[PDB]
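Since the structure comes first, as C-alpha cells, the remarks are kept for the end.
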Protein chains: 2
Amino acid sequence: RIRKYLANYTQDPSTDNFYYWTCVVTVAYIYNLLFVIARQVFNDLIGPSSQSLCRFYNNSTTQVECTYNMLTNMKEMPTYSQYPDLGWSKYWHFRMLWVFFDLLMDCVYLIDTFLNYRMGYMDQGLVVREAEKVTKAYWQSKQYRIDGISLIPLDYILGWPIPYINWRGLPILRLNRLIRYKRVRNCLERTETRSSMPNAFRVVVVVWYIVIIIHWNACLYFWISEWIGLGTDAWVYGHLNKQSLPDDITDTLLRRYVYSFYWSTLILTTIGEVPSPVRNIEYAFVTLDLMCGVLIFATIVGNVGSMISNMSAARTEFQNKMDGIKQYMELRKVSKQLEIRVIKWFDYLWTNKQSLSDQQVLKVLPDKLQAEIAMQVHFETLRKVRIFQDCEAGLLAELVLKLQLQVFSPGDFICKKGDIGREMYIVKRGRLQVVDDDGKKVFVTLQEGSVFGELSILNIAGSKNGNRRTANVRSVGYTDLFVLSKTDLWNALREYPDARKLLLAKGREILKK
Amino acid sequence: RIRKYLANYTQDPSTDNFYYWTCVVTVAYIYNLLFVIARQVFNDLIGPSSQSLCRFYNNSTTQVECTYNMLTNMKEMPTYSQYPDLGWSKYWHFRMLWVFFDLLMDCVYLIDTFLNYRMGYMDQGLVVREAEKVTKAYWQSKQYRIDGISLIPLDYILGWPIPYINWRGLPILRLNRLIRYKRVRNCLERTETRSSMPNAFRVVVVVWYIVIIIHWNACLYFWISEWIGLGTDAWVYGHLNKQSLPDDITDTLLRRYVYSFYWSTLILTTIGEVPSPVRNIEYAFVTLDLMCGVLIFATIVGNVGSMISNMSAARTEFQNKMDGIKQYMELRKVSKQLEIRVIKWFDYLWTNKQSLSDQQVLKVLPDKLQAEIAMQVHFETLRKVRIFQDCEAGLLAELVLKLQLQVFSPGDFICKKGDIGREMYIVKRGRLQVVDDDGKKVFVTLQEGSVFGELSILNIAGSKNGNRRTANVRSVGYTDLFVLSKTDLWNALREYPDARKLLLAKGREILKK
Ligand code: NA
C-alpha cells in the first residue's frame, strides 16, 4: 500500500530517475528566477491593477482610458487610477494561471524536500537505505533549515493584490525559493558528465547564465526607470527617450520588456549604443553596469577561448612532436626518402586515432580495471598459441599484462634471416607474409591472431638453429603486432614452476616433431 | 616602562599583527592615492577658494554670486573671484578635517618607518632580534632614503591656501607619499596567499587597479578640460558639451567628478560613447588614451581568461584521460558491460576527489613532512597487525613509507582461492567479506582497520599451504585498501635483523597455533 510504501521509502541519489528529478527541480528553479523578478518589476503579467488614463482632445480635453492610438506618439505618459478590486474581476483567469503554476512548482519543492528527508547517504562505500539512519542524518545535518526557508508560503498571503486592505502585492517575497541552487548545480554537473560535448555544454550553460543576467538587468533598468519616473528624461523608458518610443510605436507591456532587454543586452555586452544618462543617479547606475558588462564580456571571451584551446590541444601537441622530428631530421641530414616515410606514417596514425601507447589505461586506471581490460583483449588470443594450451590461467593473466604494441608500415621487415630472436609476435590489425630472401611469398601470409616466434622465445638447447630468426617476415600493409619479450615470459614462468615444466616439454616436443 | 620597551623593541615580519599593520599601511596608501590627486584637480574638496560669479538678468544684467538656478541651463560658464582669505573663514572645518586625516596617515607612515628601523631580518634561518644588528642592517641598507623621501612634510607648508602670500596651495606635493608601494605589494601578496579564493582575489585586485586608473584618468580629463578652458568646445566639460550639462542639470562638484568618471570609464574600456575631440591637443589626448584603454581592456580580458582557464584545468585533464580511455576501449573492441563499469568508477572517483595517487605528497613535500604525514596516517594502524606488535618503530616507519593504495568497486574480488599471494591488505574506507566460492558470506566481514594476508607475506616453510591465497575476498562497496608488498617488507627487514627474528618467530607461532 502507499502507506507502507511512503513509510519505508528511501532514496538512492545515483539512479537515473533521480537525475530526471533533479532536472524537474531545475525547471522549477528557472521558473522561479525568471518569473518572480518579472512579476515584481512589470506586474502587468498578472493583469493591470490600475487603469491607464490619457488626456484626450475629442470638443475639449478630458481624461479617459487610454486606447492604443492614445499610447502612440504620446506627448506625456499616462496616469494610473487603481480599480476598486485590484483588477481581480477582469484578470482572475490570468492570476489563477499564475497561482496554479506557483502551486505546481511548490509541489515540486515539497516532493524534493521529502526526497531530501528520506535521502540515502554513502557510508563505507555503500548507500545507506535504512530509513531511521537517513532521517537521523538529515536531522543531524542542517538541511532542514534550507528546505524550510525555501518554502515559506509568505508569497501566498502578501504576494497578491488584496483589495480589502488596499495591498497591491509584493511578488518579490518568492525569492526565498531561489535558495535551492544546490540541486540545480548538481543537475548541471551531472548533465556535463553525461554530455557527449562537455566543452560546448559548458559554454552553453554560461550563455544561459548570461541571458538570465540580461533578464535581471532588464528588470533592474525598468525598475530604476519607473522609480525615477517614466518619460521624465531621455534615458528612462518613456516618450522623451525616442529610442524607447519612436514615431508609430505603441507603449505596451511587450514594448517595455523588449526595449529593456535590448538596453540591457547593449550595456552588458559593452556595445553601449543606448541613450546617455542624464542625472547623477543614472550616471552611477550606468557606470557600474558598464563595469559589470566589461566583466561579463571578459567572462564570455574567456570561456569561449578556453573551449577553443581545449578542443585543439591534441592537434597542437601532435604538431609540436612532428615539428621536433622535422627539426631533428634536418639537423642530422636525413635522406629525403626516409623523411617522407616518417611523415607518411605520422599522418597515417594521426588519421586513425592510435596514440601509439597503452599508457592511458596504464596510468589512469586501477590495476583491477587494467587487468580486466587486458584480459578481455588478449586472453582468448593467448590461449591459442600452442605452447599456452594447458598452462595455468594466472600465468596467462601475467602475460597479457606484459604485451607491448609494435606498429609497422607497408613493406617493412619485422625480421630477417640471421637476426637475433628474443621475441614473439601476435598479429592484430594487419597481414604479414614470409618471403624467400626478398623474393616471392614462400608459404603463408599471417592473418590476424596468428603468432610467429613462439619457439625462439624458449631457451632450448641446440634446437635446430641458434637464437637466430631463420625466416624473413615483412608486413603487407600497416600491421599492429603485439610483442611478448623473452624476459617477461621467463619472469612469469619463474613465478610458475609447473607451467615452466609444461612449456619446456611442449616446446621440445614441437621442435622434435 | 615604555622607555625601555621602545628602546629594546624589534619587529618580526612574520607575525599576524604585522600583517594587520601592513593592511593599515595599505589603507593609508590608498587614501594618499585617491585624495591627493582628487584634491589637486578638483580642489573644491577643501572648500572653494573663489566665488563663482554669474551674469544675471534681474532690471538689468549684473554679475552676482551664482545660485543653483544660475548654474542650470547656462549660456556661459561662471567666472571666479578669489576671497581675501582663500575661503578659510567659511571652510576651515573642511580643511581641518582634511588636515586631521593627513596627519593620521602621516602618523601611520611614521610608525611604519619606526618598525622598519627596528626590523628583524632573517639570517641563517632564524629572525634576528637584536636591536643593534637590525638597526645596523637598516643603516647599511638604503631603506632610510625611501622612508625619508616619502615623508617630507612639504605639503604642510605649500599644500594649502595661504592668503597672506596669495598662494593657493599645491596639493600635488603629497605625491611623495606614494613611494611606499613595497609594503602595499606585500600586503596584497600576503593576502593572496591567505585567501581561500586566490584566482578571484587576483581578478579583484586587478579591477581595483582598473578603478584607480579610471579615477586618475577622470582627474586627468578634468584637468585638461580646465586647462583648455571649460565650456570652450563640445569636448571639454562645460555648457557646450551637452552630455556634461544637459537641460535641467546643475553644474556642481559632484557633477564634475561624476561626468569625468563616466567619460574615463567609457574611454578606458574602449566603448567610446563620448563626444568627439575638437582640437588637435584633444585629439592627441584621446588617441593616446584610447590606446591605453585598448591595453587595459586586453589586461582585464587576459586576467579573467587566465582565471577561467586555471579553475577548469582539473576537469579538463580528467576529461582528456576519460576520452583516452574511451578511445582505447573502442579501438580494442571492449565489451560494453566493462565500459559502463569503467565509466561508473571514473565518475565515482571524480565525484569524491581521490586523484588515485599519493604523488602530491611524494613529489612536492620534503622527506621530513612526507614521513611525518605517513606516520600520522598509518602508524597506529600498522601497530595492530599482530606481527608488528613488538618490533622496532623504525621498521614501522620504513613500512608506513611504502604503503601503496589500491581501490576497488562493488562486488570486485580482491583475491580468489588458488591465487599467488604476495601481499598484505589494510582496509580503509570500505568493507570486504570472505565468501565460500561465490556463495554466502562465510565467517566475517572486514571492517576498516582490519588486515588480510599478513601471513602470506612471510617466507615460512611448508606453512600449511603454498603461497596460494586460500580464501575468497570481495568488496561489498567501494573499498580503499592499502597494500604492503612482500619485497618492501623484506627490504625493511633486511635492514633489521632482530626485527626479522621476531617477525618470523611470531609468524611461525601464529601458524602453529
Ligand atoms: Na556609437
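To be explicit about the labels: the chains of the C-alpha cells are called A, B, and onward in the order shown, and within each one the residues are counted from 1, while ligands get numbers from 1 in the order they are shown.
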Exercise: residue 81 in chain B partners within 12 Å, only C-alpha atoms, chain neighbours under 6 positions left out, as a PyMOL selection string
chain B and resi 48-54+63-66+87
Would you tabulate, counting only C-alpha atoms and all ligand atoms, all residues of chain A that have an atom at most 12 Å from an atom of ligand 1, showing the closest pair of atoms and their distance in Å to one decimal, sorted by chain then ascending number, as CSV?
residue,atom,partner,partner_atom_place_in_ligand_line,distance
A:266,CA,ligand 1,1 (Na),11.3
A:270,CA,ligand 1,1 (Na),11.2
A:271,CA,ligand 1,1 (Na),8.3
A:272,CA,ligand 1,1 (Na),7.4
A:273,CA,ligand 1,1 (Na),5.6
A:274,CA,ligand 1,1 (Na),8.5
A:275,CA,ligand 1,1 (Na),10.0
A:276,CA,ligand 1,1 (Na),10.8
Taking into account only C-alpha atoms, which residue in the set A:447, A:389, A:14, A:470 is nearest to residue 419 in chain A?
A:470
Residues of chain A within 9 Å of chain B, using only C-alpha atoms, as a PyMOL selection string?
chain A and resi 123-127+193+198-199+270-274+276-280+283-284+286-287+290-291+294-295+297-303+305-306+310+353-355+358+360-361+364-369+372-373+376-377+394+495
Write a file of the just-selected residues containing N, CA and C atoms, as a short mmCIF file (atom, residue, chain, number, x, y, z; two decimals), in the first residue's frame.
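Output contents, as saved in selection.cif:
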data_model
loop_
_atom_site.label_atom_id
_atom_site.label_comp_id
_atom_site.auth_asym_id
_atom_site.auth_seq_id
_atom_site.Cartn_x
_atom_site.Cartn_y
_atom_site.Cartn_z
N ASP A 123 27.88 5.64 3.03
CA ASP A 123 28.65 5.36 4.24
C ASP A 123 29.37 4.03 4.04
N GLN A 124 30.70 4.09 3.98
CA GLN A 124 31.55 2.91 3.77
C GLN A 124 31.26 2.26 2.41
N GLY A 125 31.37 3.07 1.36
CA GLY A 125 31.22 2.56 0.02
C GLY A 125 29.78 2.34 -0.40
N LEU A 126 28.98 1.78 0.49
CA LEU A 126 27.58 1.50 0.20
C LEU A 126 26.73 2.76 0.38
N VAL A 127 25.49 2.68 -0.10
CA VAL A 127 24.49 3.73 0.09
C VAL A 127 23.52 3.25 1.15
N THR A 193 28.73 15.76 -17.11
CA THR A 193 29.45 14.49 -17.18
C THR A 193 28.79 13.52 -18.16
N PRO A 198 31.20 18.12 -23.71
CA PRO A 198 31.30 18.86 -22.44
C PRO A 198 31.75 20.31 -22.60
N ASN A 199 32.65 20.59 -23.54
CA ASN A 199 33.07 21.97 -23.77
C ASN A 199 31.92 22.82 -24.29
N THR A 270 28.86 45.64 -23.54
CA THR A 270 29.74 46.78 -23.75
C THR A 270 29.65 47.34 -25.16
N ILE A 271 28.50 47.19 -25.80
CA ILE A 271 28.27 47.86 -27.08
C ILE A 271 27.86 49.30 -26.85
N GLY A 272 26.87 49.51 -25.99
CA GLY A 272 26.57 50.84 -25.49
C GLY A 272 25.91 51.78 -26.47
N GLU A 273 25.22 51.26 -27.48
CA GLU A 273 24.53 52.12 -28.42
C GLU A 273 23.16 52.52 -27.89
N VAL A 274 23.14 53.05 -26.67
CA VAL A 274 21.90 53.42 -25.99
C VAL A 274 22.03 54.87 -25.56
N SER A 276 22.48 58.28 -23.52
CA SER A 276 23.38 58.59 -22.43
C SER A 276 22.60 58.95 -21.18
N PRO A 277 23.16 58.69 -20.00
CA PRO A 277 22.48 59.09 -18.77
C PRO A 277 22.35 60.60 -18.69
N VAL A 278 21.37 61.04 -17.91
CA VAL A 278 21.08 62.46 -17.76
C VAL A 278 21.34 62.94 -16.34
N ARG A 279 20.96 62.15 -15.35
CA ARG A 279 21.08 62.53 -13.95
C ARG A 279 22.23 61.78 -13.29
N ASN A 280 22.64 62.28 -12.12
CA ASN A 280 23.78 61.70 -11.42
C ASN A 280 23.51 60.26 -11.02
N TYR A 283 23.89 58.16 -14.03
CA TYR A 283 25.31 58.00 -14.32
C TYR A 283 25.94 56.95 -13.43
N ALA A 284 25.61 56.95 -12.14
CA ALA A 284 26.14 55.94 -11.24
C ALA A 284 25.69 54.54 -11.65
N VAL A 286 24.66 53.48 -14.61
CA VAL A 286 25.20 53.05 -15.90
C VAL A 286 26.69 52.78 -15.81
N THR A 287 27.42 53.53 -14.98
CA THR A 287 28.84 53.26 -14.81
C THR A 287 29.06 51.90 -14.17
N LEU A 290 28.17 49.20 -16.74
CA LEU A 290 29.14 49.03 -17.75
C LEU A 290 30.32 48.40 -17.22
N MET A 291 30.73 48.54 -16.01
CA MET A 291 31.85 47.78 -15.47
C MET A 291 31.48 46.30 -15.30
N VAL A 294 31.70 44.86 -18.74
CA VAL A 294 33.08 44.56 -19.12
C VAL A 294 33.48 43.21 -18.54
N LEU A 295 33.15 42.97 -17.27
CA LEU A 295 33.50 41.68 -16.67
C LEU A 295 32.73 40.53 -17.31
N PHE A 297 31.56 40.41 -20.48
CA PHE A 297 32.17 40.20 -21.79
C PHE A 297 33.49 39.46 -21.66
N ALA A 298 34.31 39.82 -20.67
CA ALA A 298 35.55 39.11 -20.45
C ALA A 298 35.31 37.65 -20.07
N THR A 299 34.23 37.39 -19.32
CA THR A 299 33.90 36.01 -18.97
C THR A 299 33.49 35.20 -20.19
N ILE A 300 32.67 35.78 -21.06
CA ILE A 300 32.27 35.09 -22.29
C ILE A 300 33.49 34.80 -23.15
N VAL A 301 34.35 35.80 -23.34
CA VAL A 301 35.54 35.61 -24.15
C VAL A 301 36.44 34.55 -23.53
N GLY A 302 36.57 34.55 -22.20
CA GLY A 302 37.43 33.58 -21.55
C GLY A 302 36.91 32.17 -21.67
N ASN A 303 35.60 31.98 -21.55
CA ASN A 303 35.04 30.64 -21.66
C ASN A 303 35.13 30.12 -23.09
N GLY A 305 37.34 31.09 -25.33
CA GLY A 305 38.75 30.86 -25.61
C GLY A 305 39.28 29.61 -24.94
N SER A 306 38.79 29.31 -23.74
CA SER A 306 39.19 28.08 -23.07
C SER A 306 38.64 26.86 -23.79
N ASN A 310 41.02 24.01 -25.47
CA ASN A 310 40.95 22.61 -25.10
C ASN A 310 40.73 21.72 -26.32
N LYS A 353 43.69 7.70 -35.04
CA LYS A 353 43.48 7.77 -33.59
C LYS A 353 44.15 6.58 -32.89
N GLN A 354 45.48 6.59 -32.91
CA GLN A 354 46.26 5.47 -32.41
C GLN A 354 47.02 5.76 -31.13
N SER A 355 47.68 6.92 -31.02
CA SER A 355 48.33 7.40 -29.80
C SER A 355 49.56 6.58 -29.41
N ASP A 358 49.66 2.32 -24.78
CA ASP A 358 48.68 1.84 -23.81
C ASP A 358 48.78 2.62 -22.50
N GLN A 360 47.47 5.39 -21.49
CA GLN A 360 46.23 5.87 -20.89
C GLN A 360 45.69 4.87 -19.88
N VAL A 361 45.44 3.65 -20.34
CA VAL A 361 44.99 2.58 -19.45
C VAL A 361 46.00 2.35 -18.34
N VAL A 364 45.97 5.86 -15.78
CA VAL A 364 44.83 6.45 -15.10
C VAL A 364 43.92 5.43 -14.42
N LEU A 365 43.96 4.18 -14.82
CA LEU A 365 43.04 3.20 -14.27
C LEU A 365 43.69 2.41 -13.15
N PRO A 366 42.90 1.84 -12.25
CA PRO A 366 43.46 0.97 -11.22
C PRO A 366 43.80 -0.40 -11.78
N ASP A 367 44.71 -1.09 -11.08
CA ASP A 367 45.21 -2.37 -11.55
C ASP A 367 44.09 -3.36 -11.82
N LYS A 368 42.97 -3.24 -11.11
CA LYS A 368 41.84 -4.13 -11.35
C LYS A 368 41.27 -3.91 -12.75
N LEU A 369 40.97 -2.66 -13.09
CA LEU A 369 40.41 -2.37 -14.40
C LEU A 369 41.42 -2.63 -15.51
N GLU A 372 41.47 -6.35 -16.03
CA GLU A 372 40.26 -6.83 -16.69
C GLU A 372 40.25 -6.46 -18.17
N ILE A 373 40.69 -5.24 -18.50
CA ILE A 373 40.73 -4.83 -19.90
C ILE A 373 41.75 -5.66 -20.67
N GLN A 376 40.36 -9.05 -21.31
CA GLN A 376 39.34 -9.09 -22.35
C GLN A 376 39.96 -9.05 -23.73
N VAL A 377 41.03 -8.27 -23.90
CA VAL A 377 41.60 -8.06 -25.23
C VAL A 377 42.49 -9.23 -25.64
N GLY A 394 46.49 -18.04 -14.52
CA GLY A 394 47.18 -16.95 -13.85
C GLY A 394 48.45 -16.55 -14.57
N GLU A 495 57.74 -17.42 -11.81
CA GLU A 495 56.65 -17.42 -10.83
C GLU A 495 55.88 -18.73 -10.82
#
Could you tell me which of B:421, B:507, B:497, B:449 comes closest to residue 388 in chain B if we count only C-alpha atoms?
B:507
